[PDB]
């Protein structure tokens, strides 16, 4: 059976400010032939972002994201992955980590995940962390309570009846703690 077509695809989702990109990067440092795609690279331009009744910009929903372009990026990785291991005797399986706040309610990718991790942090600490970061445009006062958190709760309710298993993680753990936990799980799946 010809080699070169197999891949191992990891999803890392979770609430805003939970250390998803950092975890992706720490995993990539310790995994061979591993790439990372970030969902935050695929937001539509502000002119395509809608507002709600209260005039909050609707960023924390799939309609804010060019998910067709994200799929194209994934497909580009897959094509590269097929050429990433030179042919010889008889497998070294290329790894992709896809990380983002809103991955597990996107139905076209429901069968892509070979492993799925989901970073959780409770309301108060999440709110605190969110306030330490600067966004473009900057968070309006009341944005977290008015949009970010309600939309997270909607996502979590969208995930209550999902068709694959997700490993939920405590995002208040240190970066190294999270890395070791995930690595420990992942290396048994590879």
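C-alpha atoms forming the largest set that superposes within 1.5 Å between two forms make up the rigid core. Residue numbers count along the first chain shown, from 1.
Between 75 to 83 and 112 to 120, greater CA displacement relative to the shown form is found for 75 to 83 when the structures in 6 other deposited structures of this protein are fitted on the core. After a core fit, the C-alpha atoms in 6 other deposited structures of this protein lie farther on average from the shown form in one of 64 to 72 and 45 to 53, namely 45 to 53.
Compared with other deposited structures of the same protein, residue 105 does not meet the criterion of being unmodelled in at least one third, since all of those that resolve residues on both sides include it.
Per the record, residue 90 and residue 91 are separated by 1 to 3 deposited residues that are missing from the model. Taking only CA atoms, the mean B-factor in the PDB entry is higher for 39 to 47 than for the other of 25 to 33 and 39 to 47.
Legend: mean Cα B-factor per stretch from the PDB entry, 80 to 88 versus 67 to 75; the higher mean is in 80 to 88. Set against one another, the Cα B-factors of 123, 135, 152, 164 in the record reach their highest point at 135. For residue 13, the recorded CA B-factor ranks within the lowest third of the chain. Only modelled residues enter the ranking.
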